[PDB]
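Colleague: Dropping the structure in here first, questions after.
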Amino acid sequence: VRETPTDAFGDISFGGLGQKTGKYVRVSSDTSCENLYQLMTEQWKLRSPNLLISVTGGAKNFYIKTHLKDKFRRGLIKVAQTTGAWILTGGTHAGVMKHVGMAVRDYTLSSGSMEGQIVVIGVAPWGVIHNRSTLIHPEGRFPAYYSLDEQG
Amino acid sequence: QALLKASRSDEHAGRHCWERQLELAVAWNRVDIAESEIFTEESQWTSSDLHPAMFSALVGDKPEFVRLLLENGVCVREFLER
């Protein structure tokens, strides 16, 4: 497999609530580690990491008896919010990351997002996004609009 | 809720069950029951398929239901395309 200078760069904004503006970048199977940490730290203005927490598993779906889930969502945001943590997950609306997304969404209205945003970093392969053509460009599309679709 | 539970199994087979089901939630001013049942975590949506409920909710001047539909996935830019 051969290599080429990358593309698909810009900030994904969702049509629902005009309070988010998530940045999107691509990368290869192997990328300079110092460049990766520099892009994560100095580039996107994200502050220094204090605690790295890793939610993993599942990827399909599961059901919680609806008593433990509230404590889980509340606590997993209490810790991240106050310790300037970084939480990482496989970022795709399928199962476990959907529960993390409902956590971030159910808290993000209550706090008001004054300062110290809940930095949630996500990892997802660039081929397997269904609506891929909505942002692909070599010079990018910086205020890009994107709608949800999961029937494909 | 028993009215809706009766309402699902009827003559129509299809997308229409969910489609018909909402409009009943629109015509009633009540939002909580409708919201919970129709907006469960498992269910998927699309910003095209909420347009008639949005339109009926605007014309009938019910505010909180409009806010609920706007928080859950209706984009204003898709809605006034024509």
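Residues are named by chain letter and number: chains run A, B, ... in the order of the structure tokens, numbers start at 1 in each chain, and ligands are numbered from 1 in the order shown.
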Provide as a ChimeraX atom specification the residues of chain A at most 9 Å from chain B, counting only C-alpha atoms.

Modeller: /A:14-17,61,98,147-151

Colleague: Run DSSP on the backbone and give me the residues of stretch 62-96 of chain A it puts in alpha helix (DSSP H), as a list in words.

Modeller: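 Answer for stretch 62-96 of chain A, restricted to alpha helix (DSSP H): residues 68, 69, 70, 71, 72, 73, 74, 75, 76, 77, 78, 79, 80, 81, 82 and 96 of chain A.
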
Colleague: What would the file look like if the residues just selected were written as a PDB file, in the first residue's frame with N, CA, C and O atoms?

Modeller:
ATOM      1  N   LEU A  68     -29.225   1.443  37.287  1.00  0.00           N
ATOM      2  CA  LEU A  68     -27.776   1.538  37.285  1.00  0.00           C
ATOM      3  C   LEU A  68     -27.290   2.539  36.254  1.00  0.00           C
ATOM      4  O   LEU A  68     -26.251   3.175  36.454  1.00  0.00           O
ATOM      5  N   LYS A  69     -28.055   2.701  35.173  1.00  0.00           N
ATOM      6  CA  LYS A  69     -27.642   3.553  34.066  1.00  0.00           C
ATOM      7  C   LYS A  69     -27.583   5.013  34.479  1.00  0.00           C
ATOM      8  O   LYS A  69     -26.713   5.756  34.019  1.00  0.00           O
ATOM      9  N   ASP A  70     -28.491   5.441  35.352  1.00  0.00           N
ATOM     10  CA  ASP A  70     -28.502   6.836  35.774  1.00  0.00           C
ATOM     11  C   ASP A  70     -27.289   7.151  36.638  1.00  0.00           C
ATOM     12  O   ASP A  70     -26.649   8.198  36.471  1.00  0.00           O
ATOM     13  N   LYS A  71     -26.960   6.245  37.559  1.00  0.00           N
ATOM     14  CA  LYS A  71     -25.764   6.392  38.374  1.00  0.00           C
ATOM     15  C   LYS A  71     -24.512   6.355  37.514  1.00  0.00           C
ATOM     16  O   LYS A  71     -23.574   7.127  37.738  1.00  0.00           O
ATOM     17  N   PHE A  72     -24.512   5.495  36.498  1.00  0.00           N
ATOM     18  CA  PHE A  72     -23.371   5.376  35.604  1.00  0.00           C
ATOM     19  C   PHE A  72     -23.148   6.641  34.800  1.00  0.00           C
ATOM     20  O   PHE A  72     -22.024   7.153  34.755  1.00  0.00           O
ATOM     21  N   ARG A  73     -24.207   7.157  34.171  1.00  0.00           N
ATOM     22  CA  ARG A  73     -24.099   8.379  33.387  1.00  0.00           C
ATOM     23  C   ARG A  73     -23.692   9.563  34.260  1.00  0.00           C
ATOM     24  O   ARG A  73     -22.764  10.308  33.907  1.00  0.00           O
ATOM     25  N   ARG A  74     -24.311   9.695  35.444  1.00  0.00           N
ATOM     26  CA  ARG A  74     -23.973  10.780  36.361  1.00  0.00           C
ATOM     27  C   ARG A  74     -22.519  10.717  36.822  1.00  0.00           C
ATOM     28  O   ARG A  74     -21.806  11.724  36.772  1.00  0.00           O
ATOM     29  N   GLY A  75     -22.041   9.537  37.214  1.00  0.00           N
ATOM     30  CA  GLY A  75     -20.695   9.452  37.760  1.00  0.00           C
ATOM     31  C   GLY A  75     -19.622   9.585  36.698  1.00  0.00           C
ATOM     32  O   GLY A  75     -18.585  10.231  36.911  1.00  0.00           O
ATOM     33  N   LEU A  76     -19.845   8.962  35.543  1.00  0.00           N
ATOM     34  CA  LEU A  76     -18.870   9.043  34.475  1.00  0.00           C
ATOM     35  C   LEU A  76     -18.810  10.438  33.894  1.00  0.00           C
ATOM     36  O   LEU A  76     -17.777  10.813  33.340  1.00  0.00           O
ATOM     37  N   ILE A  77     -19.705  11.279  34.316  1.00  0.00           N
ATOM     38  CA  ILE A  77     -19.438  12.611  33.912  1.00  0.00           C
ATOM     39  C   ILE A  77     -18.949  13.413  35.062  1.00  0.00           C
ATOM     40  O   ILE A  77     -18.323  14.424  34.858  1.00  0.00           O
ATOM     41  N   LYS A  78     -19.231  12.986  36.277  1.00  0.00           N
ATOM     42  CA  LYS A  78     -18.721  13.768  37.380  1.00  0.00           C
ATOM     43  C   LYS A  78     -17.213  13.717  37.366  1.00  0.00           C
ATOM     44  O   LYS A  78     -16.566  14.734  37.423  1.00  0.00           O
ATOM     45  N   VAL A  79     -16.641  12.538  37.206  1.00  0.00           N
ATOM     46  CA  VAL A  79     -15.209  12.464  37.219  1.00  0.00           C
ATOM     47  C   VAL A  79     -14.576  13.160  36.058  1.00  0.00           C
ATOM     48  O   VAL A  79     -13.677  13.923  36.254  1.00  0.00           O
ATOM     49  N   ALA A  80     -15.062  12.977  34.853  1.00  0.00           N
ATOM     50  CA  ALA A  80     -14.398  13.629  33.746  1.00  0.00           C
ATOM     51  C   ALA A  80     -14.480  15.118  33.809  1.00  0.00           C
ATOM     52  O   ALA A  80     -13.565  15.795  33.448  1.00  0.00           O
ATOM     53  N   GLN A  81     -15.602  15.636  34.241  1.00  0.00           N
ATOM     54  CA  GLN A  81     -15.773  17.066  34.279  1.00  0.00           C
ATOM     55  C   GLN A  81     -14.829  17.760  35.186  1.00  0.00           C
ATOM     56  O   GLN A  81     -14.378  18.835  34.880  1.00  0.00           O
ATOM     57  N   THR A  82     -14.565  17.175  36.335  1.00  0.00           N
ATOM     58  CA  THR A  82     -13.728  17.839  37.310  1.00  0.00           C
ATOM     59  C   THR A  82     -12.266  17.589  37.346  1.00  0.00           C
ATOM     60  O   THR A  82     -11.615  18.137  38.175  1.00  0.00           O
ATOM     61  N   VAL A  96     -22.158   1.225  22.960  1.00  0.00           N
ATOM     62  CA  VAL A  96     -21.561   1.781  24.168  1.00  0.00           C
ATOM     63  C   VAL A  96     -21.320   3.271  24.008  1.00  0.00           C
ATOM     64  O   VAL A  96     -21.644   4.080  24.898  1.00  0.00           O
TER      65      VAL A  96
END

Colleague: Atom CA of residue A:138 and atom CA of residue A:7, how far apart in Å?

Modeller: 4.6 Å

Colleague: What's the 12 Å shell around residue B:3, counting only C-alpha atoms, without same-chain residues fewer than 3 positions away, as a list in words?

Modeller: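 The residues satisfying every condition are residues 6, 7, 8, 9, 21, 24, 25, 33 and 34 of chain B.
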
Colleague: Could you give me, as an mmCIF file with C-alpha atoms, in the first residue's frame, the residues within 12 Å of residue B:26, counting only C-alpha atoms and dropping anything in the same chain fewer than 2 positions from it?

Modeller:
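Final output, selection-v9.cif:
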data_model
loop_
_atom_site.group_PDB
_atom_site.id
_atom_site.type_symbol
_atom_site.label_atom_id
_atom_site.label_comp_id
_atom_site.auth_asym_id
_atom_site.auth_seq_id
_atom_site.Cartn_x
_atom_site.Cartn_y
_atom_site.Cartn_z
ATOM 1 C CA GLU B 19 -46.022 7.803 11.211
ATOM 2 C CA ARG B 20 -49.622 7.549 12.356
ATOM 3 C CA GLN B 21 -48.630 7.192 15.896
ATOM 4 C CA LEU B 22 -47.097 10.592 16.173
ATOM 5 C CA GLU B 23 -49.866 12.698 14.787
ATOM 6 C CA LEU B 24 -51.944 11.510 17.736
ATOM 7 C CA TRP B 28 -53.157 16.142 22.073
ATOM 8 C CA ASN B 29 -51.430 18.921 23.957
ATOM 9 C CA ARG B 30 -49.820 16.208 26.118
ATOM 10 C CA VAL B 31 -46.162 15.550 25.485
ATOM 11 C CA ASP B 32 -44.664 13.362 28.182
ATOM 12 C CA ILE B 33 -46.246 10.024 27.362
ATOM 13 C CA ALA B 34 -45.804 10.521 23.697
ATOM 14 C CA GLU B 35 -42.229 11.601 24.056
ATOM 15 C CA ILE B 38 -41.900 7.435 20.650
ATOM 16 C CA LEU B 50 -40.561 14.635 10.985
ATOM 17 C CA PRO B 52 -45.435 17.008 8.776
ATOM 18 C CA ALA B 53 -45.452 16.813 12.551
ATOM 19 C CA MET B 54 -43.301 19.939 12.683
ATOM 20 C CA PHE B 55 -45.723 21.730 10.388
ATOM 21 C CA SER B 56 -48.786 20.765 12.387
ATOM 22 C CA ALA B 57 -47.025 21.709 15.601
ATOM 23 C CA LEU B 58 -46.194 25.164 14.287
ATOM 24 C CA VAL B 59 -49.643 25.941 12.920
ATOM 25 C CA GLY B 60 -51.388 24.735 16.061
ATOM 26 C CA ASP B 61 -49.078 27.024 18.112
ATOM 27 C CA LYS B 62 -47.972 24.504 20.717
ATOM 28 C CA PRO B 63 -44.559 25.660 21.916
ATOM 29 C CA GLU B 64 -43.069 22.919 24.060
ATOM 30 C CA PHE B 65 -43.748 20.254 21.489
ATOM 31 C CA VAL B 66 -41.914 22.322 18.865
ATOM 32 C CA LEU B 68 -38.991 18.827 21.741
ATOM 33 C CA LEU B 69 -39.031 18.112 18.009
#

Colleague: Figure out the distance between atom CA of residue A:85 and atom CA of residue A:51, please, to one decimal in Å.

Modeller: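 According to the coordinates, atom CA of residue A:51 and atom CA of residue A:85 are separated by 4.6 Å.
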